[PDB]
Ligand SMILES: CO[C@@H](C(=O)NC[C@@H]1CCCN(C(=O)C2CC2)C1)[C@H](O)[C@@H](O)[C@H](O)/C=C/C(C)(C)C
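Next up is one chain by itself, shown in structure tokens, the form solved without the ligand.
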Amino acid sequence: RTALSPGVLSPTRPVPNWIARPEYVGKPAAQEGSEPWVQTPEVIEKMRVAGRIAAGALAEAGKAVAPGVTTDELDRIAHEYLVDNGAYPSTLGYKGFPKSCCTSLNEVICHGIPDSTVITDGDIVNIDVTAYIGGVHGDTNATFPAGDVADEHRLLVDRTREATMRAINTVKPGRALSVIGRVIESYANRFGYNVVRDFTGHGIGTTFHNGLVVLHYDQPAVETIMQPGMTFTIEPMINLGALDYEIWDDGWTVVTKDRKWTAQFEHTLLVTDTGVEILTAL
């Protein structure tokens, strides 16, 4: 299997006029980064809806993962599920991003742009979808196998899912936020994998990335304590190879320097009064 290069992007996909755009659409930056980390009851309920819809679109696009399919095609299916359910694709026009989801094959760490790239037998494909509806965002991603994937790669994917679910299960009020990354990195290290550091989870609510940062590696200097009503993502990227990376000229696509493959899963989580709720549960 060759190292990837860019395909050709289809033209901007339309979303009907009636679907409210986030404020940042058609602007070079977003107005985000200083929003309250604890959401209102109202926002939380809205986030369950956005979460559910983001989960639906992910599951639909992942069902189309198969050798022969293009990445562009995955984006088409996600885009259509979001639009049919009344949601704007949060990534579309977010800091100039040109598509409705991120499609990250093989050695693409994250931020892959759906294009003419055709998926081949044995590939792994992460699809990261976000839904904006009722003034709020819901954010989820998963890596999907295409055809006969090598054992090495199935285990990576399975272990990355497990790391994510284990991190989720430690979410509870009064526990330090740093616990998440300690659990993730312990689990990756157990199988000789390396956890990506420069890319993180994030707080999410009425904004996409609200200023809260969730690290996926062990960093006990973070003193943040989880509180009921806080909403954030856990989205670890886990590398078979070294951490070093490059960004394509498209300004988005992050690829491992050594071209070894990498995997990721993501959910949007709520800290409840006693534990956690997965808002992007299928």
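Note that residue numbering follows the sequence shown and begins at 1.
Separately, the form deposited with the ligand bound exists; it is not shown, and the next lines address it.
Engineer: Considering the ligand in the bound PDB entry, find the one stretch among 182 to 190, 146 to 154, 122 to 130, 69 to 77 with heavy atoms no farther than 4.5 Å from it.
Structural biologist: Every other range fails; the passing one is 122 to 130.
Engineer: Among 195, 177, 87, 110, which has at least one heavy atom within 4.5 Å of the ligand in the bound PDB entry?
Structural biologist: Of 195, 177, 87, 110, the residue with a heavy atom within 4.5 Å of the ligand in the bound PDB entry is 110.
Engineer: Check residue 94 for me: does it contact the ligand in the bound PDB entry (non-hydrogen atoms, 4.5 angstroms)?
Structural biologist: Residue 94 belongs to the contact set for the ligand.
Engineer: Hey, in the bound PDB entry, does residue 170 get a heavy atom within 4.5 angstroms of the ligand?
Structural biologist: Residue 170: no, not in contact with the ligand in the bound PDB entry.
Engineer: Applying a 4.5 Å heavy atom distance criterion, does residue 206 contact the ligand in the bound PDB entry?
Structural biologist: Answer no; every heavy atom of residue 206 is more than 4.5 Å from the ligand in the bound PDB entry.
Engineer: In the bound PDB entry, does residue 252 have a heavy atom within 4.5 Å of the ligand?
Structural biologist: So residue 252 counts as contacting the ligand.
Engineer: Suppose contact means any heavy atom within 4.5 Å; which members of 257 to 279 contact the ligand in the bound PDB entry?
Structural biologist: Going through 257 to 279 in order - heavy atoms within 4.5 Å of the ligand in the bound PDB entry - the hits are 264, 266.
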